[PDB]
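Chain A is the first sequence line, chain B the second, and so forth, proteins listed ahead of strands; every chain is numbered from 1. Whatever order the structure lists ligands and atoms in, that order sets their numbers, starting from 1.
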Amino acid sequence: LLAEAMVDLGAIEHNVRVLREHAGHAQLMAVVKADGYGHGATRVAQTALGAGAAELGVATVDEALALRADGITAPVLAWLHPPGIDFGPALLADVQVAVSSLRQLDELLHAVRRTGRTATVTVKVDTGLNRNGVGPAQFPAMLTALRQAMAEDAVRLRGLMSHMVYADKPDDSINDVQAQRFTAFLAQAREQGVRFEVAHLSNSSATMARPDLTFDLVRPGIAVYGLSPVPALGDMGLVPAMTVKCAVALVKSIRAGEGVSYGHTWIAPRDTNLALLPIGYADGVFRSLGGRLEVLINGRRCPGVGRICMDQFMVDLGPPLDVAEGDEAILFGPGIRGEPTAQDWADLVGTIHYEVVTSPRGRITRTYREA
Amino acid sequence: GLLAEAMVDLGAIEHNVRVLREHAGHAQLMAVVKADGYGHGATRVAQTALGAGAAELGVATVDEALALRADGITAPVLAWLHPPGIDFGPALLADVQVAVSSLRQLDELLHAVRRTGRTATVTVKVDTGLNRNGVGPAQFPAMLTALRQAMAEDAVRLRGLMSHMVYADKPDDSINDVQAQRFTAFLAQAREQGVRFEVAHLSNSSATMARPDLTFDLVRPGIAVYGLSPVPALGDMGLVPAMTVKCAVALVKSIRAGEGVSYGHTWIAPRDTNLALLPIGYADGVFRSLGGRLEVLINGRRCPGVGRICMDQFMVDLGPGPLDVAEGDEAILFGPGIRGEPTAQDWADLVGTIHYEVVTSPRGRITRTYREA
Ligand SMILES: Cc1ncc(COP(=O)(O)O)c(/C=[NH+]/[C@@H]2CONC2=O)c1O
Ligand SMILES: Cc1ncc(COP(=O)(O)O)c(C[NH2+]c2conc2O)c1O
Ligand SMILES: [Ca+2]
Ligand SMILES: [Cl-]
Ligand SMILES: [Cl-]
Ligand SMILES: [Cl-]
């Protein structure tokens, strides 16, 4: 292969087992939206379920239907629905739907009547993010509609959910505030004669660092992929599952004073040897990494030199060569062999590793190492 | 009923190709459609460019060429980036032109000619200063002697000499003239050794539009085909950006002064206002670093992003004025600018990159669609 994003399903399994230890008695919903954060939703889901995850979480019904089409029968919850969605296919495919407004509930109920299939409903409430959750003042009307719908077997009241303002800051008191607001939502439900089967608030950071805030289920995403939910703490016992690598396509001699790549932004201070790596920013190698990233080749760090192009970049091998055409360059991975990590890229680019792992594409073929 | 789309206006593609052809003068035009047409769709852009006067197509890899051929493209296609040890046989059998950048690569190609019995239509990619891949002056004489023997037995047709410019976006710089002179030197070496190339090409979009004095037999523009200016400091250069990225407004909501929005509450409302949720994010190619910087166009008005861009969504501020946005309305993230929307260059400026990277970013939920010419 020209380049690959190898997903170690053994690491996925390890991470899920670590998360289950932190979750204690709470069931685990593995979040595999965005094609498993770039790792492959279906393969990650299968591995996570086999390692004891109880359920799957995705953003869209489309993502849930793709899992269903691949043979996944485990519970799948979808929580982001565009205007105009037809909930009918979700119902016929036994996809759970989280509603975040009375309009969405009414839409879902019309679909229940049309398909004849009871909806397994979760309600998504806002406890601070201020995105699409139902707000406190609108919750009672939703409870009343839900209770009436439940009283005619139109819905099963499965879940109450909300999402944390901090993905990476377990010590901030907004975590505590959100949990208290969540408890207050549950008290509202009680006052309106409504009981949810399960309630869940926790992302990876809360699961691993705020077990005192865990409700009935946890909903980890980033930690399933082995990426630290609190980077300042280190790897938190997780193993990043994605390794991005590519073959050395060319080894070329350069004389001192020669410029390299567009604009000649790098000029060789010495006679040296370069490696051409045939992936670039159209493949997810952020152009801002130019002149800052390093790769690992035959156990040695080799720094990028010159601009990242659309489909290639150069690294400096130094001055007799220990690298041949066809040898493997590791761009990032768990770090086991000394390679950079997704967090290293995030630091260089000014982003977070979530964005790093949803970047590889194009010539970077996704592959799998079995557990 | 798409949640989001990258709408490619093929009438813009046609316009841009006709503009490039005018600038090309006496030269023919090879449309560069690598990286899936710079994210615009290699096959659809290729078909349009060919109908608007493009003579040939250029891609990086044989794989890209084979995808065009599989889609029914029969026009000339040149591929110029090959991994070591490639089997060139499939390229030969699919009538893919091959640019070689080393003597070793020529040997691989001739080995494939021997195995398949199919003549290779060869271009030599020479190094005139980029120092990436390309045959250097030291190796070119040996290359010519080898090509002459291969041509004599009809193992190769010697189609092309090519090189690539160090500056994609600065036509005035003297290195452009230096590279053109080095390129002429390669051509003169070939002529003196009795090796005739049918065509020579050096010009990218920048050179094609701004340095007609440096044009050889073909020009090889990419970025300007997609309407993106090859010299941003000169403006749109008469081109029309062909990609419009847009999405449906998923939610409109009011918020109160003092409330934070999105992860980390990095934006706190200074006043009561209305927000819209746009259901695409950085996994769809909306660079996270756009957060708190970008604006979108909704019903003719600029609406700034507020709070962090999430994996699959972000919020924009509609303001506290009379609400003129409904769920299901169209929000334009970038486009040619005709309606006052931001451009890809605007994104490039905000995040510190180039529009080349902007247009190869949209993906995921952003479905590629086409408006016919
Ligand atoms: C051999 C060759 N010839 C013409 C073009 C077309 O170049 P542009 O007209 O400037 O788009 C390209 C494309 N180069 C891409 C652009 O971004 N970075 C790159 O490496 C090319 O590799
Ligand atoms: C409803 C819901 N529940 C759990 C998780 C899992 O969160 P995490 O453990 O931090 O990966 C997410 C993921 N949210 C994001 C990741 O990147 N941008 C985002 O908006 C989520 O939307
Ligand atoms: Ca409307
Ligand atoms: Cl959501
Ligand atoms: Cl929310
Ligand atoms: Cl050579």
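In this structure, B/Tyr356 and B/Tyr38 have tilted ring planes: the angle between them lies in the 30° to 60° band. Taking the six-membered ring for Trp and thresholds of 30 and 60 degrees, B/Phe216 and B/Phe183 have ring planes more than 60 degrees apart, a perpendicular arrangement.
At least one side-chain heavy atom of A/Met236 sits less than 4.5 Å from a side-chain heavy atom of A/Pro229.
Ranking protein heavy atoms by distance to atom 19 (C) of ligand 1, first place goes to A/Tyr262 OH, 3.2 Å. Atom 15 (C) of ligand 1 has B/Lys34 NZ, 3.4 Å as its closest protein atom, hydrogens excluded (heavy atom only). The protein atom (non-hydrogen) at minimum distance from atom 6 (C) of ligand 1 is B/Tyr38 OH, 3.4 Å. Here the protein heavy atom with the shortest distance to atom 10 (O) of ligand 1 is B/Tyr356 OH, 2.6 Å. At the top of the distance list for atom 3 (N) of ligand 1, counting protein heavy atoms only, stands B/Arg220 NE, 2.8 Å. Considering only non-hydrogen protein atoms, atom 1 (C) of ligand 1 sits nearest to B/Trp80 CE2, 3.7 Å.
Take B/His164 and apply the ring pair (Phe, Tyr, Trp, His ring centres under 6.0 Å) test, not counting sequence neighbours, and it matches A/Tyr262.
Using a 4.0 Å cut-off to heavy atoms of A/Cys309, the atoms of ligand 1 that qualify are 20 (O). If you number the atoms of ligand 1 from 1 as listed, the ones under 4.0 Å from a heavy atom of B/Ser205 come out as 9 (O).
Ligand 1 lies nowhere less than 4.0 angstrom from a heavy atom belonging to A/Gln312. Close to ligand 1: A/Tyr281, with a non-hydrogen atom less than 4.0 angstrom away. At least one heavy atom of B/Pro221 sits closer than 4.0 Å to an atom of ligand 1.
With a 4.0 Å heavy-atom cut-off, ligand 1 is reached by the side chain of B/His164 but not by its N, CA, C or O.
Looking only at distances, no side-chain donor or acceptor of A/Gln312 sits under 3.5 Å from a matching main-chain atom of A/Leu276. No donor-acceptor distance shorter than 3.5 angstrom exists from the side chain of B/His40 to the backbone of B/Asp36, with no hydrogens or angles considered. The backbone N or O of B/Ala24 sits nowhere less than 3.5 Å from a side-chain atom of B/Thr208 that would complete a donor-acceptor pair. When atom types are taken as modelled, the side chain of B/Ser203 and the backbone of B/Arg220 share no donor-acceptor pair closer than 3.5 angstrom.
Classification of A/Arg158 and A/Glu55 as a salt-bridged pair holds, one side-chain N sitting under 4.0 Å from a carboxylate O. Taking 4.0 Å as the cut-off between side-chain N and carboxylate O, A/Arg131 and A/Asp126 do not count as a salt-bridged pair.
Residues A/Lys124 and A/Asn132 have side chains that bring a donor and an acceptor to within less than 3.5 angstrom of each other. There is a side-chain donor-acceptor pair under 3.5 Å between A/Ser100 and A/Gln104.
Within 4.0 Å of ligand 2, counting heavy atoms only, the contacting residues are A/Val31, A/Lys33, A/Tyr37, A/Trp79, A/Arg131, A/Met161, A/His163, A/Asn203, A/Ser204, A/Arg219, A/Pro220, A/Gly221, A/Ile222, A/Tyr354, B/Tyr263, B/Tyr282, B/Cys310, B/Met311.
Checked against a 3.5 angstrom limit, the closest N/O atoms of B/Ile223 and ligand 1 fall inside it. Polar contact with ligand 1: present for B/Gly222 (N/O pair, distance under 3.5 Å).
Between the NE2 atom of B/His23 and the OG atom of B/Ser205 there is a distance of 11.0 Å, given to the nearest 0.5 Å.
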